[PDB]
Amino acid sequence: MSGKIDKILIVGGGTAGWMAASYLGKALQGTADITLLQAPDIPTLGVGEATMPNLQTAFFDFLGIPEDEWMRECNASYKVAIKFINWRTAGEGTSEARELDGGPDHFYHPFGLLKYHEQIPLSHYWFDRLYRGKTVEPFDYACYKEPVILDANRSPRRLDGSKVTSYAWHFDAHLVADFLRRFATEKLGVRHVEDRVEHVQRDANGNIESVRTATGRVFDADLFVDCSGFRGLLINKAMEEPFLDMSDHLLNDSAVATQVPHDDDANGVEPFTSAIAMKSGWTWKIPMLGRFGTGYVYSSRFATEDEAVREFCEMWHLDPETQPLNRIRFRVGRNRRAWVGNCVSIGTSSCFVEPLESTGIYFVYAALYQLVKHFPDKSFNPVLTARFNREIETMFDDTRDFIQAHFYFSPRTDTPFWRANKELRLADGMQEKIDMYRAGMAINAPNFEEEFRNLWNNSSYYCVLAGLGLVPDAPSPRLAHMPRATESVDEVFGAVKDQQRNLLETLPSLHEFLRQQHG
């Protein structure tokens, strides 16, 4: 009879650490004692975080915190989609879409559900019409209502509060992390120690015995949670688990970022993240209240830091000599194993990929969900660890593949960077998914375990691949056997056009809804 875990030590007091403290503190409910160790570091600008809808259903709902409670205290805005700008046209980094085929070079990846027609996704009917010359409309404007209401900065909620589409949040992570520190220490009994790790002692099995801090205090536990960020103080340094670099799939490894004040009264608030193609990378725009966070993700093999700073500042009309800037060089990939012995990594200590599809916080609460599901006893059954590690590696490798496809299938050839992306190879499993796409199949066609497995599904692949201009070889074969379905789909498209018109005319602006929600 081994006995349950009694003591957990979390090392790192950032977003990941305080998410871990809250999630573990809640699911356990007094069963175990949890201490979080946090070192005084130089703080960084609030450059922003873009999220996904299950931040509420999988994380805050689990904590018992309603969306209104946390959202107002963290000054969050609403995210209805990612808007991809200038991924298809040559040129310099600008916040302004270039002209492509008589219109602006952008396309949306919304959180909205893709309608099915006779059990087949509307995407397949759209391409059948495109292939047969019956349409020339872009996928996203043909198949989603959101694009035209996003073009007008509409709110996803009516003033009375009713929701007309799926949405997520834009916020400064520091504010959520402080909110969660207060919640975990004041309501869940997590003990906070402010101290710097100086020495990690391991036992004869190579497990962590204790952590000693710079003041000389010694902390032992049954389970150690590494939330120390890119340093990987426990997983990489103490435990010596290798990090698997994956820059043979993703060339971006650096960023320069700031926060820019914004006149919401004059310009309203954009209900979407922007991902703006640059000469050697892409730049995010995460709108918040009276400001937006922004960052240029670039590849040090194709632009110097000075070049990146110039390109970044010129596009927002900022003074390089006086704008406060954060610079970082990050590692791209994941640990060979996320959980080794009695040490589980959570957050960027575990894995990292550029924030092109808003996965950073998702990786934390998805791993925390998996960690509770595979929670060990004192026997630490190796199968629990093995299964956990396999969930993490497919969570990460699927996202890595999806993100590479954003660059691999961009039509641009105008800089060494954009050409270089096309000389990398896709992973075998991603090449299979592309083949499936081109054969007319619906990838992972549509509860958190289902969202976890089907994160990147047919909707996501059409949004990005057809947005960029990769489409199937021929119409999906079943459609030629469904003459009634293909003749009646006219009314489904027209239904989308109706909702576009009616929402455009009746929806308040996001600015108007956000003012009401605050004052």
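Residue positions are given as counts along the sequence shown, with the first one as 1.
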query: Between neighbours residue 447 and residue 446, residues that the deposited sequence lists but the model omits; finding: 10 or more
query: Stretch with the higher entry mean CA B-factor, where the candidates are 204 to 212 and 338 to 346; finding: 204 to 212
query: Segment of higher mean CA temperature factor, 94 to 102 or 246 to 254; finding: 94 to 102
query: Of the residues 399, 273, 135, 385, the one carrying the largest Cα B-factor as recorded; finding: 135
query: C-alpha B-factor winner, where the candidates are 431, 389, 322, 404; finding: 322
query: Relative C-alpha B-factor of residue 22, binned into the chain's lowest, middle or highest third; finding: lowest
query: Chain thirds of CA B-factor: placement of residue 374; finding: lowest
query: Record-listed C-alpha B factor of residue 167: chain third; finding: middle
query: Residue 514 by Cα B-factor - lowest, middle or highest third of the modelled chain; finding: highest
query: Residue 119 CA temperature factor, ranked by third within the chain; finding: highest
